[PDB]
């Protein structure tokens, strides 16, 4: 057999990024390994291992579209860095793949119009499966600097489709969004 030439070229492009990433992570390891900061190297390696853990959990929720969006986020152009975690045992959240993916794409887009570009913006998203009341909760804990927080006022007021925005605080440099789905 033979896969489509379109896909074949995309996967090569992606692995290309993943590769570039790991070269940096090794840069970190090798660099500190030379400065003889051994204790620091193990620390980093553990961070890498953790990062990876969540990378696989996300890949095992039967939510490919979401997973793909998160896994490739930092490779596409954005004014903030995305980090994510899946808290709780894995679940077949497939019933929500399309919903979540679309939702995040929207939020990400708003942050892009909202965050400043001279600032170092970072956004952490956590997926909670272990919650007792909700089928699944999503936390977005951003921290950086805004240039137009107003971008959120709309969604802040009229909510969003069938998702429950339980919380949406926005301070001077941070933002905390909490979304429930059931």
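Residue numbers count along the first chain shown, from 1.
- Higher mean CA temperature factor between 29 to 37 and 64 to 72: 29 to 37, per the PDB entry.
- For the pair 156 to 164 and 169 to 177, the mean B factor over Cα atoms is greater in 156 to 164.
- Out of 120, 141, 130, 51, it is 130 whose C-alpha atom has the highest B-factor in the PDB entry.
- Of the candidates 95, 101, 80, 107, the PDB record gives 95 the highest C-alpha temperature factor.
- Ranked by Cα temperature factor within the chain, residue 126 sits in the lowest third according to the deposited record.
- Sorting the modelled residues of the chain by their CA temperature factor places residue 136 in the highest third.
- Sort the chain's modelled residues by C-alpha temperature factor and residue 114 lands in the middle third, per the entry.
- The PDB entry assigns residue 145 a C-alpha temperature factor belonging to the lowest third of its chain's modelled residues.
- Split the chain's modelled residues into thirds by C-alpha temperature factor. Residue 58 is in the lowest one.
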